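A.B. asks: For reference, the structure I am asking about is given below.
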Amino acid sequence: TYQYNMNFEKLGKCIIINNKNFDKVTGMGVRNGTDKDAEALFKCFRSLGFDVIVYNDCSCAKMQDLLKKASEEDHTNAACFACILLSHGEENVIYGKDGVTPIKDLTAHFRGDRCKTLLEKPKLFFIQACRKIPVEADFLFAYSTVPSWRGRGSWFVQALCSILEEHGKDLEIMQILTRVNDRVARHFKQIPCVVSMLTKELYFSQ
Amino acid sequence: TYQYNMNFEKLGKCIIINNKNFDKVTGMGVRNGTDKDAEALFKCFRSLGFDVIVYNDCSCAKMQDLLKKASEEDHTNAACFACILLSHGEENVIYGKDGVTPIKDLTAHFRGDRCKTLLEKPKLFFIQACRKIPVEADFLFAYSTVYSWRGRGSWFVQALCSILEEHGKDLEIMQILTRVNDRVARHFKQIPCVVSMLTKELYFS
Ligand SMILES: O=C(O)c1ccccc1Sc1ccccc1S(=O)(=O)N[C@]12C[C@H]3C[C@H](C[C@H](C3)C1)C2
């Protein structure tokens with residue numbers, strides 16, 4: 001009634017996009033520790049139940065392509081869809097190897113009026129970068145820093161993954177991300193932000 | 001450990017700001033039924049434990065001031081502090097009688113480096129736009145929209161109050177708001193947004 005329904009063949013796709021290396025032209029730098037964060041995330045979301053795919057040094061044009069192609073896929077048998085972005089960022093834009101794409105444009109592909117197969121199911125978006133059913137319902141964003149600090153990993157992620165490894169299967173999504181906020185805030189300063197359009201409670205299990 | 005602490009003399013002040021009437025020179029419109037919502041809200045946050053106070057048709061002047069005066073008060077005996085805005089809106093700006101004041105201005109007053117006594121305590125902001133602890137930690141915003149549609153109440157408020165009317169004292173803040181995001185979407189379509197920098201679970205008891 002109040003859980004999001006999990007009685008699905010699969011938990012879902014989980015697209016990690018690990019941009020470490022950027023063209024000189026951007027002025028952005030090699031992002032060190034991102035590899036440690038893709039691994040943490042890759043493994044954590046494997047354990048959860050997600051069919052993880054890690055993209056690497058992904059270009060703005062292939063960030064926009066692979067998410068569109070992922071939204072055109074059939075999700076009829078998936079409980080949700082996660083997507084995880086590990087790049088550089090500015091107000092309302094994630095970076096690629098060749099430039100910047102608006103984050104809203106990347107997520108738009110999974111809107112209800114486009115990705116009918118992910119209707120009524122959580123669309124999760126986690127971002128580590130420096131900054132008659134409605135369509136935008138059943139979305140959720142976890143940005144690393146309120147409008148992002150990290151070779152020994154990054155704070156938001158080291159923490160996100162710690163918390164999923166233990167309570168990931170026994171705690172609601174907001175209970176988790178909240179605990180990730182306290183962890184980042186106390187020590188790991190910055191504070192992570194969480195936007196929820198979710199209309200139900202998201203447990204990754206039973 | 002993981003719940004926010006409520007063992008305080010008071011739950012906190014709750015400033016409701018009910019802009020129904022907007023000046024001619026300003027171009028904004030009557031938001032009619034905001035008084036049904038403000039009252040709806042007055043009772044809900046009254047039952048919860050809040051010292052709700054309703055100011056009506058404020059100036060952008062009065063708002064930024066009225067929130068500055070509020071941040072400077074003493075909360076050592078308060079568990080949190082609530083605030084509710086019922087005006088017209090556009091992007092990162094709230095409206096008044098004389099114009100618009102950016103919302104960051106209203107909230108900044110309660111940042112960790114300003115209001116030492118509401119530190120590590122929930123700062124709650126509910127907003128209906130019709131059309132080593134960090135500084136920005138422990139705020140929560142509930143916008144009514146990501147338009148926002150409304151006499152006879154408005155959808156966002158109607159639901160928020162219903163859900164609190166019952167589950168206010170036995171449900172975490174995010175669970176409540178998650179239900180308020182469901183009712184607004186299905187029963188009526190638009191969707192409310194919820195921003196949490198909370199670092200703990202917020203129960204009103
Ligand atoms: O500094 C505080 O006032 C502040 C204090 C505590 C929490 C957040 C903030 S900011 C703020 C305040 C109110 C509502 C939303 C935000 S926000 O988290 O989304 N931050 C921005 C930062 C810039 C100015 C304005 C519009 C846009 C760009 C986003 C607020």
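A.B. asks: Residues in region A:52-71 that are of a type in the set (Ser, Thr, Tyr) and at positive phi: how many?
C.D. replies: Number satisfying all stated conditions: 0.
A.B. asks: Quick one: which of A:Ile127, A:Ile163 is of a type in the set (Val, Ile, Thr), within 12 Å of chain B (Cβ to nearest Cβ) and surrounded by 19 or more Cβ atoms within 10 Å (Cβ to Cβ)?
C.D. replies: A:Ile163
A.B. asks: What's the number of the condition A:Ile176 fails, among (1) within 9 Å of chain B (Cβ to nearest Cβ); (2) closer than 19 Å to A:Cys14 by Cβ?
C.D. replies: (1)
A.B. asks: Let me ask something else. Is there a residue being in contact with a strand residue (DSSP E or B) (Cβ under 9 Å, 6 or more places away or on another chain) and of a type in the set (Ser, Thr, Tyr) anywhere in region B:47-54?
C.D. replies: no
A.B. asks: Hey, another quick one. In region B:11-38, how many are more than 17 Å from B:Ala129 (Cα to Cα) and under 18 Å from the mean Cα position of the chain (by Cα)?
C.D. replies: Of the residues in region B:11-38, 4 are more than 17 Å from B:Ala129 (Cα to Cα) and under 18 Å from the mean Cα position of the chain (by Cα).
A.B. asks: Among the residues of region B:172-205, write down those that are within 16 Å of the ligand (Cβ to nearest atom) and assigned to a strand (DSSP E or B).
C.D. replies: B:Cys193, B:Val194, B:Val195, B:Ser196
A.B. asks: Would you pick out the residues in region A:98-117 that are more than 22 Å from B:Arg186 (Cβ to Cβ) and crowded, with 22+ Cβ neighbours inside 10 Å?
C.D. replies: A:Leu106
A.B. asks: A further question follows. From the list B:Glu136, B:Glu120, exactly one residue is at positive phi, surrounded by fewer than 22 Cβ atoms within 10 Å (Cβ to Cβ) and either within 16 Å of the chain's Cα centre (by Cα) or within 14 Å of chain A (Cβ to nearest Cβ) (or both). Which is it?
C.D. replies: B:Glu120
A.B. asks: Can you tell me which of (1) surrounded by 23 or more Cβ atoms within 10 Å (Cβ to Cβ); (2) within 9 Å of the ligand (Cβ to nearest atom) is the one B:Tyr95 doesn't meet?
C.D. replies: (2)
A.B. asks: Here's something else I'd like to know. Quick one: which of B:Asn92, B:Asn77, B:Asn21, B:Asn56 is within 14 Å of chain A (Cβ to nearest Cβ) and out of contact with any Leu (no Cβ under 7 Å at 6 or more places or on another chain)?
C.D. replies: B:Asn92
A.B. asks: Considering only region A:187-206, how many residues are facing chain B (nearest Cβ under 7 Å) and either farther than 16 Å from B:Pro122 by Cα or touching a helix residue (DSSP H, G or I) at 6+ places or on another chain (Cβ under 8 Å) (or both)?
C.D. replies: So the count comes out to 12.
A.B. asks: Mind listing whichever residues of region B:182-194 are more than 13 Å from B:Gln128 (Cα to Cα) and either of a type outside the set (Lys, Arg) or crowded, with 18+ Cβ neighbours inside 10 Å (or both)?
C.D. replies: Scanning region B:182-194 gives B:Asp182, B:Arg183, B:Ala185, B:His187, B:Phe188.
A.B. asks: Any residue at all in region B:53-65 that's in a helix (DSSP H, G or I), within 16 Å of the chain's Cα centre (by Cα) and either surrounded by fewer than 21 Cβ atoms within 10 Å (Cβ to Cβ) or within 11 Å of the ligand (Cβ to nearest atom) (or both)?
C.D. replies: Yes - at least one qualifying residue is present in region B:53-65.
A.B. asks: Kindly indicate whether any position in region B:154-171 is part of a helix (DSSP H, G or I) and basic (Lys, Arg).
C.D. replies: No, because not a single residue in region B:154-171 is part of a helix (DSSP H, G or I) and basic (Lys, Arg).
A.B. asks: Among the residues of region A:139-160, write down those that are within 12 Å of chain B (Cβ to nearest Cβ) and in contact with a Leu (Cβ under 7 Å, 6 or more places away or on another chain).
C.D. replies: Of everything in region A:139-160, those that are within 12 Å of chain B (Cβ to nearest Cβ) and in contact with a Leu (Cβ under 7 Å, 6 or more places away or on another chain) turn out to be A:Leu140, A:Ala142.
A.B. asks: Please go through region A:52-111 and pick out each residue that is farther than 23 Å from A:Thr145 by Cβ and among the charged types (D, E, K, R).
C.D. replies: Passing the criteria: A:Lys62, A:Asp65, A:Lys68, A:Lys69, A:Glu72, A:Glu73, A:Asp74, A:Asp98, A:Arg111.
A.B. asks: Hey, could you check region B:99-131 for residues that are part of a strand (DSSP E or B) and near the ligand (Cβ under 9 Å from one of its atoms) and say which is farthest from B:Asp57 (Cα to Cα)?
C.D. replies: In this case the residue turns out to be B:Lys123.
Quick note: the coordinates plus some simple rules give every number you see, no bench work behind them. Note that we place each Cβ from the backbone using ideal geometry, even for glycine, and neighbour counts take in every protein chain shown.
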